[PDB]
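For reference, the chain that follows is the form deposited in one PDB entry, supplied as structure tokens.
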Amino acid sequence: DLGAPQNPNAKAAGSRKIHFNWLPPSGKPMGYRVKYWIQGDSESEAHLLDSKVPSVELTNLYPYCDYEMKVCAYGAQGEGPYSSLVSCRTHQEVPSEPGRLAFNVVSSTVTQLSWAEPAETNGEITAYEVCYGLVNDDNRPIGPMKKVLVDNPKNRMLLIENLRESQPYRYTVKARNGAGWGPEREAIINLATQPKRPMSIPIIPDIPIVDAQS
């Protein structure tokens, strides 16, 4: 009789891969079948992976995601029983870019900047960082970018005042999670060419409003 594979054991091998191994059972196993799924899913949603050796690498997994898996051996009698179930979480990976930058332009020197959360957070987002700087026409920076420091970096909007009139700026936003910073979303805009709309600001502490010429 083919026994259950023994000491099933899984470890994350990145954000998108898990290595799962086990000890061969007694009884002339000819190979193994691994079933794996996202913790919470059903077993018609389970993936089935064959292997000829007592380990596999699971691939094309979701970052920062709990998986469940188990493995059986097969041989002359067919399939033996499955191992006990093991769980393992993939690593976080940096988020994707934030959503496209939205500018609500108030005046020739003031604009609100906002953005959607990254389509793939690949973890929990703990901060955004906004940078901005003067550019010419080739998106060529004129001097250094500035980075904005704020009390609550999880907010997805900023008010920027005292920008240089009739001058284009590049703005970037990136997001951070436990794995670090992802790619930036960039936009280049000159407030002079934008239609203006007034906005209301509550007179309260901690409004995230930044002076562009510190």
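Numbers follow the displayed sequence, beginning with 1. Definition used throughout: the rigid core is the maximal C-alpha set that superposes within 1.5 Å between two forms.
Among the other PDB entries of this protein that were compared and that flank it with modelled residues, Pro195 is left unmodelled in a third or more. Averaged over CA atoms, B-factors in the entry run higher in 44 to 52 than in the other of 171 to 179 and 44 to 52.
Averaged over CA atoms, B-factors in the entry run higher in 86 to 94 than in the other of 68 to 76 and 86 to 94.
Among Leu23, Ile204, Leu191, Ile18, the highest C-alpha B-factor recorded in the PDB entry belongs to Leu23.
The entry lists a Cα temperature factor for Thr121 that places it in the highest third of the chain's modelled residues. Sort the modelled residues of the chain by CA B factor and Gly133 lands in the lowest third. Sorting the modelled residues of the chain by their CA temperature factor places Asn139 in the highest third. Per-chain ranking of the deposited C-alpha B factor places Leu58 in the lowest third. Placement of the Cα temperature factor of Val210 within the chain: middle third of the modelled residues, per the deposited record.
The same protein has a further form, the form deposited in another entry, not shown here; the description that follows concerns it.
Core-superposed comparison between this form and the one not shown: the Cα of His47 travels less than 2 Å. Taking 2 Å as the criterion, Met157 does not count as shifted between this form and the one not shown: its C-alpha moves by less than this amount when the rigid core is aligned.
Comparing the forms between this form and the one not shown, the C-alpha position of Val106 differs by 2 angstroms or more, with the core used for superposition. Compared with the form shown here, the C-alpha atoms of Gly133 and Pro153 sit at least 3 Å farther apart in the other form.
Panel note: the distance between the CA atoms of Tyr132 and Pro153 is larger in the other form than in this form, the difference being 3 Å or more.
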